[PDB]
Amino acid sequence: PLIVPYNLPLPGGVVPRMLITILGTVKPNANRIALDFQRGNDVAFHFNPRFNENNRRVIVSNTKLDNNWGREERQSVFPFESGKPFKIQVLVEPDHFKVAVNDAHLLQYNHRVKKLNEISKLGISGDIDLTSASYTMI
Ligand SMILES: OC[C@H]1O[C@@H](O[C@H]2[C@H](O)[C@@H](O)[C@H](O)O[C@@H]2CO)[C@H](O)[C@@H](O)[C@H]1O
Ligand SMILES: [Cl-]
Ligand SMILES: [Cl-]
Ligand SMILES: [Cl-]
């Protein structure tokens, strides 16, 4: 598999109709996964499945500006399974990131970082075997 943490450059930043596809397998006894869409040191979109927060499974989404985390957005619909293969699809739309897991819509995350062309890398980390990380224009 690919080395984790993995940096996927996004040349010239994100743009509407850009589709990012991550394929991997969750480790057995996973604690977390993280996708970090970055604008320099800022994190425009942090997508963070948590397998055991107070014995609950939750996805936390947030933005980091000037080294400070913002207001969390929490999704209790939790499509990831310890030990099992997954597909994350992130479609950039004009006003949000649109996330599907295993071909099922999961959540939208409204753009807080407005300079889309400056969000020029994606960090992939946490308790996975990473199979592939790629992008295409639809
Ligand atoms: O918000 C994303 C960010 O969360 C940090 O953890 C938070 C935690 O979610 C919150 O419940 C607590 O009150 O504050 C913690 C510290 O900000 C994680 O440390 C970080 O990695 C992100 O995932
Ligand atoms: Cl914020
Ligand atoms: Cl901005
Ligand atoms: Cl690619």
Side-chain angles (χ1 to χ4, degrees):
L2 304 182
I3 302 295
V4 177
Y6 190 88
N7 179 244
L8 177 65
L10 305 173
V14 307
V15 68
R17 303 187 66 159
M18 178 168 212
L19 180 68
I20 299 100
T21 304
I22 310 307
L23 291 171
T25 304
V26 183
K27 290 192 194 286
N29 317 130
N31 292 314
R32 66 186 297 273
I33 304 171
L35 298 196
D36 289 287
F37 288 90
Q38 294 161 120
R39 172 170 173 269
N41 188 59
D42 288 355
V43 183
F45 176 31
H46 174 75
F47 171 87
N48 175 212
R50 294 181 186 183
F51 286 80
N52 184 354
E53 192 190 62
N54 303 319
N55 299 304
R56 312 291 171 251
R57 311 196 195 276
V58 65
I59 304 179
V60 177
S61 299
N62 208 348
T63 293
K64 196 171 77 163
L65 300 177
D66 294 336
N67 232 44
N68 301 319
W69 290 110
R71 173 190 103 251
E72 292 177 351
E73 299 182 29
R74 288 166 162 261
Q75 169 59 298
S76 283
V77 171
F78 195 92
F80 297 100
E81 314 163 88
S82 290
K84 300 192 200 186
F86 65 85
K87 177 170 68 179
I88 304 167
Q89 288 165 320
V90 185
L91 179 56
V92 185
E93 299 196 318
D95 294 317
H96 34 87
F97 295 97
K98 193 177 73 193
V99 183
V101 177
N102 303 344
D103 292 316
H105 178 72
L106 178 58
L107 61 83
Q108 295 176 355
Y109 186 90
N110 192 72
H111 294 308
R112 302 189 193 173
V113 173
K114 313 289 181 190
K115 294 171 175 168
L116 298 190
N117 70 129
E118 293 190 4
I119 304 165
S120 60
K121 61 193 184 289
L122 171 64
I124 304 158
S125 62
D127 302 326
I128 63 172
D129 294 332
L130 179 60
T131 303
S132 68
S134 70
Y135 49 76
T136 197
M137 298 302 302
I138 71 164

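All residue numbers refer to positions in the sequence shown, counting from 1.
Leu107 and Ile119 end up in the same hydrophobic cluster when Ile, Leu, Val, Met, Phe, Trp and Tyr side chains are linked at under 4.5 Å. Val60 and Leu65 end up in different hydrophobic clusters when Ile, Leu, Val, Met, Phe, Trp and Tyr side chains are linked at under 4.5 Å. Placement of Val113 and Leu8 within a single hydrophobic cluster is found when ILVMFWY residues are connected by side-chain heavy-atom separations under 4.5 Å, directly or transitively.
A donor-acceptor distance shorter than 3.5 angstrom exists from the side chain of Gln75 to the backbone of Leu106, with no hydrogens or angles considered. Side-chain atoms of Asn48 never come within 3.5 Å of backbone atoms of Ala34 as a donor-acceptor pair (strictly under, hydrogens ignored). Side-chain N or O atoms of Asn117 include none that pairs as donor or acceptor with a backbone N or O of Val14 at under 3.5 Å. Using a distance-only test at 3.5 Å, with no hydrogens or angles considered, no donor-acceptor pair links the side chain of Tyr6 to the main chain of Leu122.
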Review point. Does the salt bridge (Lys or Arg N to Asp or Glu O under 4.0 Å) test come out yes or no for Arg32 and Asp127, once each step is laid out?
Key: CA-CA 6 Å; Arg32 66 186 297 273; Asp127 302 326; over 6 Å; no

Check your understanding: Given the rule in the side chain to side chain contact (heavy atoms under 4.5 Å, CB included) test, do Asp103 and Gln89 qualify, once you have shown the distances and angles that lead to the verdict?
Key -> CA-CA 8 Å; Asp103 292 316; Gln89 288 165 320; 3.6 Å; yes

**Study point:** From CA spacing to verdict: side chain to side chain contact (heavy atoms under 4.5 Å, CB included), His105, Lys98
**Key:** CA-CA 8 Å; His105 178 72; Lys98 193 177 73 193; 3.7 Å; yes

Exercise for review: Apply the test side chain to side chain contact (heavy atoms under 4.5 Å, CB included) to residues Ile124 and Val4: give CA-CA distance (whole Å), side-chain angles for both, the deciding distance (0.1 Å), then the verdict.
Suggested key: CA-CA 7 Å; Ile124 304 158; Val4 177; 5.8 Å; no

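Pairing each heavy atom of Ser132 with each of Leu2, the nearest pair is CA-CD1, 3.9 Å. Scanning both residues, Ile20 and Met18, for their nearest heavy atoms gives CD1-CG, 3.9 Å. The two atoms that bring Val15 and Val92 nearest to each other are O-CB, 3.4 Å, heavy atoms only. Taking each heavy atom of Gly123 and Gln38 in turn, the nearest pair found is N-NE2, 3.7 Å. For the residue pair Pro9 and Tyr135, the shortest heavy atom distance occurs at O-CE2, 3.3 Å. Closest heavy-atom contact between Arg57 and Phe51: NH1-O, 2.8 Å.
One finds the CD atom of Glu118 at 13.5 Å from the CG atom of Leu10 (value rounded to the nearest 0.5 Å). The distance from the CD1 atom of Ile33 to the OG atom of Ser125 is 9.5 Å, given to the nearest 0.5 Å. From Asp36, atom CG reaches atom OG1 of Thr63 across 10.5 Å, with rounding to the nearest 0.5 Å. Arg39 contributes atom CZ, which lies 10.5 Å from atom CG of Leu116 (distance to the nearest 0.5 angstrom). To the nearest 0.5 Å, the span separating OG1 on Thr131 from CG on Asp129 amounts to 7.0 Å.
When each of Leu23, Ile22, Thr25 is checked for a side-chain contact (heavy atoms from CB on, under 4.5 Å) with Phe86, only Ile22 meets the rule.
Taking a 6.0 Å sphere around CZ of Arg112, one finds it holds more than 12 heavy atoms contributed by other residues, nucleotides or ligands. Atom NZ of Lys121 sits in a crowded spot, with more than 12 heavy atoms from other residues, nucleotides or ligands closer than 6.0 Å.
Side-chain atoms of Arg56 and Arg74, non-hydrogen and from C-beta on, never get closer than 4.5 Å to each other. Using a 4.5 Å heavy-atom cutoff, the side chains of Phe78 and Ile59 are in contact. Considering only heavy atoms from C-beta on, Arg71 comes within 4.5 Å of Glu73 through its side chain. With contacts defined as side-chain heavy-atom distances shorter than 4.5 Å, the pair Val90/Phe47 does not qualify. Residues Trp69 and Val43 have side chains in contact (heavy-atom distance under 4.5 Å, counting atoms from C-beta outward). A 4.5 Å side-chain heavy-atom check between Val26 and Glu81 finds every atom pair outside the cut-off. Using a 4.5 Å cut-off on side-chain heavy atoms (C-beta onward), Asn102 and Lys87 make contact.
Taking the six-membered ring for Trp and the full ring otherwise, the centers of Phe37 and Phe97 sit less than 6.0 Å from each other.
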